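Structural characterization, general
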Amino acid sequence: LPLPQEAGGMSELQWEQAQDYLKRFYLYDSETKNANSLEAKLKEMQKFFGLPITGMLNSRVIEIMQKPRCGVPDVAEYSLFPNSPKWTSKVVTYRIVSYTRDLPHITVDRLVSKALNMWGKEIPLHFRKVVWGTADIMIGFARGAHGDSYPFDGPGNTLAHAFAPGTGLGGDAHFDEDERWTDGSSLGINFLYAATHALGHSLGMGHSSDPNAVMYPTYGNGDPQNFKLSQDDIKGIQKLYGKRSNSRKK
Ligand SMILES: [Ca+2]
Ligand SMILES: [Ca+2]
Ligand SMILES: [Zn+2]
Ligand SMILES: [Zn+2]
């Protein structure tokens, strides 16, 4: 595979932006603002991404920082209403709120199920179809100005923000309408590939350090038509829902 080196000749703005980019991908900590904290903080990011090169930021580490992925952080903390991190219910329901002109309501609705279903089929849980009433996980499009925190940011950084399984209103699925969504066009963020990563967030799941994980933050490569849930991904949830067998953090 390729591996250029443009960061070496990048401007201070590009290098400085990387520092803030990793901050938004985690939480709002303006106290960590420091030169030394960069090494320690950056190190923690390496484990989250899975990349070997630690304390690095110019080669692959910087590339992922500028490359799109998800609009959700890697660390949260807001009371403990819902039991356990992942879904603890006996059934999961989902319903699309709106569709993007990029794809038909049928293609978008079916896409979510194509990925959301794969998640359930890999767990002893259970999913239910929506045909009358409201669902737990709402699949709608909107920008950061739709009435939520964090700015839309527009195209690029930040793909979509997902909510955790908490309360009735929480645990919904959102997508950056400003981004590029499509399937048969395979030009932007494949709804199928994005759905798996986005839908997985609603299940409380977390990014994997495996190079072949479905929740991999480095999303972007040969995507086969048989693309499905990853090994470490299924084994990870099975350890919390069923039996464990040597796993890692989220
Ligand atoms: Ca964006
Ligand atoms: Ca909800
Ligand atoms: Zn994510
Ligand atoms: Zn939102």
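Residues numbered from 1 in each chain as written, not as in the entry; some residues may be left out. Chains lettered and ligands numbered in written order. Heavy atoms only, no water.

For this deposition, the record names solution NMR as the technique by which the model was determined.

The protein chain appears in the PDB entry as Matrilysin from Homo sapiens. As its UniProt record puts it under Function, the protein chain is described as follows: "Degrades casein, gelatins of types I, III, IV, and V, and fibronectin. Activates procollagenase." We quote the UniProt Subcellular location comment for the protein chain here in full: "Secreted, Extracellular space, Extracellular matrix". (UniProt positions renumbered as here; feature names shortened; annotations may be inferred.)

The pairing of strands in a sheet happens through backbone hydrogen bonds and is either parallel or antiparallel. Judged by pairing direction, the sheet is parallel, and its 4 strands sit side by side in the order 2-1-3-4 without closing on themselves. The open sheet has two edge strands with one neighbour each: strand 2 (127-128) and strand 4 (173-176). As paired elements, strand 1 (residues 92-96) and strand 2 share 2 bridges and run parallel to each other. Of the residues in strand 2, the one forming a bridge with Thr-93 is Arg-128. The sheet strands contacting helix 4 (residues 105-121) are strand 1, strand 2 and strand 3 (137-142), and the helix crosses strand 1 at an angle near 160 degrees. (Pairing = 2+ DSSP bridges. Helix = DSSP H or I, 4+ residues; strand = E, 2+ residues; numbered from the N terminus. Contact = heavy atoms within 4.5 Å. Axes fitted to C-alpha atoms, helices over the stretch in contact; angles between N-to-C directions.)

A few words now on unusual backbone geometry. In the Ramachandran plot, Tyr-150 falls in the positive-phi region, its phi being about 65 degrees despite a non-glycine side chain. With respect to the element layout, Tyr-150 can be found in the loop between strand 3 and strand 4. Assessed through its relative accessible area of 55%, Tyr-150 is described here as exposed. In this structure, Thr-158 is a non-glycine residue whose phi angle is positive, near 75 degrees. Its place among the elements puts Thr-158 in the loop between strand 3 and strand 4. A relative accessible area of 18% places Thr-158 in the buried class. (Buried < 20%, exposed > 50% of the residue type's maximum accessible area, 1.4 Å probe, protein only.)

What follows covers the coordination of the zinc ion (ligand 4). Of the protein atoms, only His-146 (NE2), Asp-148 (OD), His-161 (NE2) and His-174 (ND1) coordinate the zinc ion (ligand 4), at distances of 2.1 to 2.4 Å. Here the zinc ion (ligand 4) is ringed by 4 donor atoms whose angles at the metal span 81 to 140 degrees, and the overall shape comes out irregular. (Donors = N, O, S within 2.8 Å, 3.2 Å for Na, K, Ca; no water. Tetrahedral: all angles 85-135°; square planar, octahedral: opposite > 155°, others 65-115°.)

Our focus in this paragraph is empty space enclosed by the protein. Counted under the stated rule, the structure contains 1 cavity of 30 Å³ or more. Approximately 80 Å³ is the volume found for the largest cavity. Forming the boundary of the largest cavity are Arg-69, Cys-70, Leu-159, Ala-160, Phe-175, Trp-181, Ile-189, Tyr-193, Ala-194, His-197, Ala-198 and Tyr-219. With 4 residues, the single largest contributor to the lining of the largest cavity is helix 5 (residues 191-202). Class assignment of the residues belonging to the lining of the largest cavity gives a composition of 10 nonpolar, 1 polar and 1 charged. (1 Å grid on protein atoms, 1.4 Å probe; cavity = no way out; pocket = protein on both sides within 12 Å on 5 of 7 lines; lining within 4 Å. Points joined across faces, edges and corners; volume = space filled by probe spheres on them. Nonpolar A, V, L, I, M, F, W, Y, C, P; charged D, E, K, R; others polar.)

By size, the foremost hydrophobic cluster in this structure holds 39 residues, and its most contacted members are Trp-119, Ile-139, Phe-175, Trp-181 and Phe-191. Put simply, the parts of the chain that give this core at least two residues each are strand 1, helix 4, strand 3, strand 4, helix 5 and helix 6 (231-241). Ignoring anything within four residues of it in the chain, the contact list for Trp-181 reads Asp-102, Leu-103, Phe-141, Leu-159, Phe-175, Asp-176, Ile-189, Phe-191 and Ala-194. Membership of the second largest hydrophobic core comes to 17 residues, among which are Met-45, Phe-48, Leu-51 and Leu-57. (Core = buried A, V, L, I, M, F, W, Y, C linked by side-chain atoms within 4.5 Å.)

With respect to the helices and strands, the residue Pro-217 is situated in the loop between helix 5 and helix 6. On a C-alpha basis, the gap between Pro-217 and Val-131 in space is 33 Å, while along the polypeptide they are 86 residues apart. Those residues within four positions of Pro-217 in sequence are excluded, and the remaining contacts are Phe-48, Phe-49, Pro-68, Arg-69, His-207 and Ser-208.

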